[PDB]
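Report on one structure; see the data block that follows.
Protein chains get the first letters and strands the later ones, always in sequence-line order, with residue 1 at the start of each. As a basis for the values below, the full set of heavy atoms in this structure was taken, side chains included, without hydrogen atoms, waters or symmetry mates.
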2 protein chains.
Amino acid sequence: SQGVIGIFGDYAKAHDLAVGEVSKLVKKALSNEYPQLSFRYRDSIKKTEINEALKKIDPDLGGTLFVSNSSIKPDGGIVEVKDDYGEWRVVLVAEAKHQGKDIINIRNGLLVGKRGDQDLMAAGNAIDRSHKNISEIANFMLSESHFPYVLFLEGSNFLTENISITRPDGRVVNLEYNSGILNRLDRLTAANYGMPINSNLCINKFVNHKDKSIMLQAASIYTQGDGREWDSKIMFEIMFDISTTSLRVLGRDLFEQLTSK
Amino acid sequence: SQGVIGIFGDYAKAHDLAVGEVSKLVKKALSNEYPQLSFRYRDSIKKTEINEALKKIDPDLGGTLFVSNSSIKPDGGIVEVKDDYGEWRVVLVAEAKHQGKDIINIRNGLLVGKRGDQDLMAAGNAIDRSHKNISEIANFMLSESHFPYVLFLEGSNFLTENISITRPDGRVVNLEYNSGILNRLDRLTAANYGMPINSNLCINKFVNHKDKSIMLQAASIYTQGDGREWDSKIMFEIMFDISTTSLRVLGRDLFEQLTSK
DNA sequence: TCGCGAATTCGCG
DNA sequence: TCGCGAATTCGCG
């Protein structure tokens, strides 16, 4: 709670900064707050890197590639920091997804459906893709104790409250939030193991079962619950919060740089 | 290696059985081989179940649902067995995916692309969806030591060798296997942590890092490497193999039923 | 070049 | 009914 983020946030709002530009601005704020630490922003990671990180855990892992310069490209990029051993440690990965143009149709008068008949459109499964990148960055961070992955959802397919949109003929159509003809929110909940959405799940839980002990890598899933678009200021504050808690977890491998610089 | 599967396999080939009907036939073979064990086949699992399995690991897990009767429906169903405590243990989950209709276009004469110009079509990312279900059944089986998930890939987007298709005008067009304009095989490799495709990865590896010890749940990804469709006999034999090794892992909780029945 | 992402309508039980 | 899956063309750097 250092005040400087109040100025940064109002900058984002004053410019309608998308997720990618907000993560770039988060890097700026971080280096402003921690001037002796070294941050950077990437817009992609190559599969070779991920595989290289994998076989460092176990020799039999990470031994596959079919397209040589294949890569993943989170539309909000990766913010990293440099630790005391010169290694780069990811402190933020962000992505922003959209589904369900229903509120647009109902705001206007366009009747959708197979025969121009429907008010609503049966929600599709495109949002299932979001699990691939989460898997990639999870495997990338399989040796870290923090998973700083933030997903930002938007659209009529991601409602957490009931909303009423009125047509150009006075017709109030109602979007019922828990309706399985619209709500695709459940399609993401496997990523944080059914832990709460709209919350920062950055620090990894360790759960057991038998002698079977294991680590969970949960993603932070945030929803514009009322159908509207995201406020860049809030989007910014969330990312700053998830990145700082990442820095808290990295605190051991950052000490030298912070005390002697 | 009990012979009976030779007859079963030739049955599948003689009928072109899709993945779902092959898994149903696998159940039949299993109960034929293990007549004192109790198997069953489901075609879906409800999110409530998955959440119920999750909070059995940790109280804070599995506490989310937005659509009440939301479910997942692997197009090859789930084969289970009943253990000595009356509990049902999944021994097989199978799914079959398709991408890249290129070999059809080149077999015929249809030039694709924005202006009816191209021989090839730039491969899309629909195959990324396959990670959701893998996540769901992984969370479902987070307390098991075996992950019996088999994925069957088919299409010009999943080639492991170079193939040559000749047009109705003598034109040999060549599909180069490691071409990143066609090959989407890398889009699955996060599921088995870069371990070998076309192999049975059913038994879970335990890898460490610090004191940080963890369990990996790797999916079996099989490819029709030469673009063609799957032979139901082989598809069958693979599923039977992955399911039996599942039974091997369950061997402790199955003893009573096998010795006293 | 090459390789990555976007998220869509609608069928089906 | 309601809710799940299918996998597609093509833009963009």
Side-chain angles (χ1 to χ4, degrees), chain A residues 18-20 43-47 65-77 95-102 104-105 110 112-118 120-130 132-133 136 153-158 176 178-187, chain B residues 18-20 43-47 65-77 95-102 104-105 110 112-118 120-130 132-133 136 153-158 176 178-187:
Chain A
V19 56
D43 62 86
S44 70
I45 302 164
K46 289 191 298 131
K47 277 286 280 179
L65 236 199
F66 294 86
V67 171
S68 284
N69 46 309
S70 58
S71 68
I72 69 166
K73 216 187 300 176
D75 60 89
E95 200 133 17
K97 304 287 177 152
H98 298 102
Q99 222 185 263
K101 56 216 287 188
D102 288 321
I104 278 76
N105 302 328
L110 187 72
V112 294
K114 330 152 299 298
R115 40 152 213 291
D117 59 296
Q118 289 142 237
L120 307 193
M121 168 67 58
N125 50 357
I127 190 67
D128 296 2
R129 298 198 311 101
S130 306
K132 196 216 78 172
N133 272 27
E136 301 272 26
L153 307 173
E154 196 196 301
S156 62
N157 292 173
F158 311 105
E176 204 291 284
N178 61 265
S179 174
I181 304 177
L182 251 58
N183 198 287
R184 287 295 160 271
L185 222 36
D186 299 280
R187 301 294 177 78
Chain B
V19 56
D43 62 86
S44 70
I45 302 164
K46 289 191 298 131
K47 277 286 280 179
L65 236 199
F66 294 86
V67 171
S68 284
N69 46 309
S70 58
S71 68
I72 69 166
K73 216 187 300 176
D75 60 89
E95 200 133 17
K97 304 287 177 152
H98 298 102
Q99 222 185 263
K101 56 216 287 188
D102 288 321
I104 278 76
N105 302 328
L110 187 72
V112 294
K114 330 152 299 298
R115 40 152 213 291
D117 59 296
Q118 289 142 237
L120 307 193
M121 168 67 58
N125 50 357
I127 190 67
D128 296 2
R129 298 198 311 101
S130 306
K132 196 216 78 172
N133 272 27
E136 301 272 26
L153 307 173
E154 196 196 301
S156 62
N157 292 173
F158 311 105
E176 204 291 284
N178 61 265
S179 174
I181 304 177
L182 251 58
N183 198 287
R184 287 295 160 271
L185 222 36
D186 299 280
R187 301 294 177 78

Check your understanding: Between the main-chain N or O of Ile127(B) and the side-chain N or O of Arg184(B), is there a donor-acceptor pair closer than 3.5 Å?
Key -> no
Review point. So do the side chains of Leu65(A) and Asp186(B) get within less than 4.5 Å of each other, counting heavy atoms only?
Key: yes
Practice item. May I ask you to test the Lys132(A)-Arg187(B) pair for a side-chain heavy-atom distance under 4.5 Å? Key: yes
Practice item. Compare side-chain N and O positions of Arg184(B) against OP1 and OP2 of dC4(C) and report whether any pair is under 4.0 Å apart. Key: yes
Practice item. Could you tell me whether a side-chain N or O of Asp75(A) sits under 3.5 Å from a main-chain N or O of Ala96(A), the two making a donor and an acceptor? Key: yes
Point to revise | Short side-chain N/O contact from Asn69(A) to OP1 or OP2 of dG3(C), under 4.0 Å | key: yes
Check your understanding: Which of the following nucleotides, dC2(C), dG3(D), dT9(D), is nearest to the side chain of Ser70(B)?
Key -> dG3(D)
**Study point:** From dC4(D), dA7(D), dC2(C), nucleotide with atom closest to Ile181(B) side chain
**Key:** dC2(C)
**Study point:** Sugar-phosphate only, base, or nothing, as touched by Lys46(B) at under 4.0 Å among non-hydrogen atoms
**Key:** nothing
Exercise for review: Provide, to the nearest angstrom, the distance between the CD atom belonging to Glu136(B) and the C1' atom belonging to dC4(D).
Suggested key: 12 Å
Study note, to complete from the structure: Using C1'-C2'-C3'-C4' (north if positive, south if negative), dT8(C) puckers north
Check your understanding: More 5' along DNA chain D: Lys73(A) or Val67(B), using each one's nearest nucleotide?
Key -> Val67(B)
Check your understanding: For the side chain of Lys132(B), counting heavy atoms from C-beta on, which of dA7(D), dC10(C), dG5(D) is nearest?
Key -> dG5(D)
Review point. Can you find a heavy atom in the side chain of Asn178(B) that is under 4.5 Å from one in the side chain of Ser68(A)?
Key: no
Exercise for review: Measure distances between side-chain N and O atoms of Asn125(A) and base N and O atoms of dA7(C), and say whether any donor-acceptor pair falls under 3.5 Å.
Suggested key: no
Review point. Rounded to the Å, how far apart are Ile45(A) CD1 and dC4(C) P?
Key: 13 Å
Practice item. State, yes or no, whether a side-chain contact exists between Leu182(A) and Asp102(A) at a heavy-atom distance under 4.5 Å. Key: yes
Exercise for review: Rounded to the nearest 0.5 Å, what's the gap from CG on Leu120(A) to CD on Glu176(A)? Could you check?
Suggested key: 11.0 Å
Practice item. Quick one: label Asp128(B) by what it contacts on the DNA or RNA (base, sugar-phosphate, nothing), any heavy atom closer than 4.0 Å. Key: nothing
Check your understanding: Which of the following nucleotides, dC4(D), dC10(D), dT8(D), is nearest to the side chain of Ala122(A)?
Key -> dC4(D)
Check your understanding: Is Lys47(A) touching bases, backbone alone, or none of the nucleic acid, heavy atoms closer than 4.0 Å?
Key -> nothing
Practice item. In whole angstrom, give the distance that lies between atom CD1 of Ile127(B) and atom P of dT9(D). Key: 15 Å
Practice item. May I ask you to say what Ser44(B) touches in the nucleic acid, namely base, sugar-phosphate or nothing, with a heavy-atom cut-off under 4.0 Å? Key: nothing
Exercise for review: Return no unless some side-chain N or O of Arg129(A) is found under 4.0 Å from OP1 or OP2 of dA6(C).
Suggested key: yes
Exercise for review: Give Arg187(B) one of three labels, base, sugar-phosphate or nothing, depending on what nucleic acid heavy atoms sit under 4.0 Å from its own.
Suggested key: base
Point to revise | Phosphate OP1/OP2 of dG5(D): any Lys97(B) side-chain N/O under 4.0 Å | key: no
Practice item. Grab the CG-P distance between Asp43(A) and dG3(C) for me, whole Å please. Key: 17 Å
Review point. Is the base of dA6(C) touched by the side chain of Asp75(A) through a donor-acceptor pair closer than 3.5 angstrom?
Key: no
Practice item. Please tell me which of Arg115(B) and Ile72(B) maps to the more 5' nucleotide of DNA chain D, matching each residue to the nucleotide holding its nearest heavy atom. Key: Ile72(B)
Practice item. Give a yes/no answer on whether the side chain of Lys114(B) brings an N or O atom under 4.0 Å of OP1 or OP2 in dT9(D). Key: no
**Study point:** Distance, rounded to the nearest Å, where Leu110(B) contributes CG and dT8(D) contributes P
**Key:** 14 Å
Review point. Which part of the nucleic acid, if any, lies within contact of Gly113(A), taking any heavy atom under 4.0 Å across all strands shown: a base, the sugar-phosphate backbone alone, or nothing?
Key: sugar-phosphate
Point to revise | Sugar-phosphate only, base, or nothing, as touched by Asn133(A) at under 4.0 Å among non-hydrogen atoms | key: sugar-phosphate
Review point. Is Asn183(A) touching bases, backbone alone, or none of the nucleic acid, heavy atoms closer than 4.0 Å?
Key: nothing
